[PDB]
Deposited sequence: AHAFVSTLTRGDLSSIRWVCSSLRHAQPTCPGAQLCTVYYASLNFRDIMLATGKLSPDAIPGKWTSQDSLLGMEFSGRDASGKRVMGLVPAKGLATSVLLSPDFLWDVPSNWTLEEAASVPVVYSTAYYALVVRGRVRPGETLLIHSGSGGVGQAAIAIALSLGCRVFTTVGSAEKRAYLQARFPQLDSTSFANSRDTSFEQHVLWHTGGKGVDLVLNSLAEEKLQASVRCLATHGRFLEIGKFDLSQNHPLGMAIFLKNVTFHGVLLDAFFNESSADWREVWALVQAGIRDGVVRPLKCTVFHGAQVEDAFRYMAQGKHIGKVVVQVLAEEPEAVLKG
């Protein structure tokens, strides 16, 4: 057994492996999430987390050899994990373990935000900021699966092209800029001045204010961790890791989304286990689209082993 640790407080360059009804699983792939970077740099305190707390997401095999993926409150960046079966899903036959490790966090977050909290209804109109981000992509897949009208902001033309390739249902009018507030005029015009029913937000300061102005009356503002009253707006603070009966709803939504073809893996950037430091450094640069994953163990050709 080994786990990943920051040997020097706050220094990403010091990231190293250290040898040292619950289900015991062998980890094949462990993904990096934003929280991991915040923990490693000391920007987030371990006390804020509900030895090393790195890693909340993995794919691998259970003791029967079955391919699984899951969420853990901590210690996912390790060679094995022990977790509640309430936080495990079967990996579909059409997925690699590599890509299965990109799924649990972003789709659990997106289903919780859109369905459980936002109560999105078929045909409603959404603004999903930073659509090429992990949670944004998952939210777009879900919204489209419900026949919603989707608007999304992207940080570059390349990110737009990426979303166009991933989601053929998106047309040119689906896209606006995440790097300014021009998405406001865009969304107002294409909704006839009515605005959107839901905003999924990760932006700041002036872009946040512009997002509030984008809401229709009774609009819901989903934040992933005068007008407000005139428009009877609702604001949701959303933090997935707090879950570590509502959760079982999220689990069921993810599972159904997997079976129904809604849940699709992200594109991954893969690092061998010995390059875990590089993986963290890379993740922190934020120049990729999709998931950064660490290959702890290579997947075998066998389906069950």
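**Student:** Which segments of the deposited sequence lack C-alpha coordinates in the modelled structure, numbering from residue 1?
**Tutor:** Several stretches lack coordinates - namely 1, 22-31, 62-67, 243-253, 273-276, 338-339, in sequence order.
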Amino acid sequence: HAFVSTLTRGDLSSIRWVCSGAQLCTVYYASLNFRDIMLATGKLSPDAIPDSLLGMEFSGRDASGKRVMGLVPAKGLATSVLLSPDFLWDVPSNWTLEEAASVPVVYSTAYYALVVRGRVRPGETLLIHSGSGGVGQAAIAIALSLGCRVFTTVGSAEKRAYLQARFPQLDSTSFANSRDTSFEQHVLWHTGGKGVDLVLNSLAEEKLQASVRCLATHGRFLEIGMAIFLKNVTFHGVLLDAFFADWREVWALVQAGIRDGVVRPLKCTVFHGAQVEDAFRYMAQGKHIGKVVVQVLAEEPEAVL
From here on, numbers count along this sequence of modelled residues.
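**Student:** Can you let me know which of the two, 108-116 or 202-210, has the higher average C-alpha B-factor in the entry?
**Tutor:** Taking the mean C-alpha B-factor of 108-116 and of 202-210, the larger value falls to 202-210.
**Student:** Can you tell me which stretch has the higher mean Cα B-factor, 261-269 or 58-66?
**Tutor:** Averaging CA B-factors over each stretch, the winner is 58-66.
**Student:** Among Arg160, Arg166, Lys75, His218, where is the Cα temperature factor highest, going by the PDB entry?
**Tutor:** Result of the comparison over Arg160, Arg166, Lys75, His218: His218.
**Student:** Whose C-alpha has the highest temperature factor in the PDB entry: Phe280, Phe34, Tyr29, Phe244?
**Tutor:** So the option with the highest C-alpha B-factor is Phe244.
**Student:** Lowest, middle or highest third: where is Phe183 by C-alpha B factor in its chain?
**Tutor:** Middle third - that is where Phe183 ends up once the chain's C-alpha B-factors are sorted.
**Student:** When the modelled residues of the chain are sorted by Cα temperature factor, does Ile224 land in the lowest, middle or highest third?
**Tutor:** For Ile224, the deposited C-alpha B-factor lands in the highest third.
**Student:** Comparing against every modelled residue in the chain, figure out the third that the C-alpha B-factor of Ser156 lands in (lowest, middle or highest).
**Tutor:** Lowest third of the chain for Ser156's C-alpha B-factor.
**Student:** Based on the deposited C-alpha B factors for this chain, I'd like to know if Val4 is in the lowest, middle or highest third.
**Tutor:** Ranked within chain, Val4 CA B lands in the lowest tercile.
**Student:** Based on the deposited C-alpha B factors for this chain, I'd like to know if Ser102 is in the lowest, middle or highest third.
**Tutor:** It falls in the bottom third of the chain.
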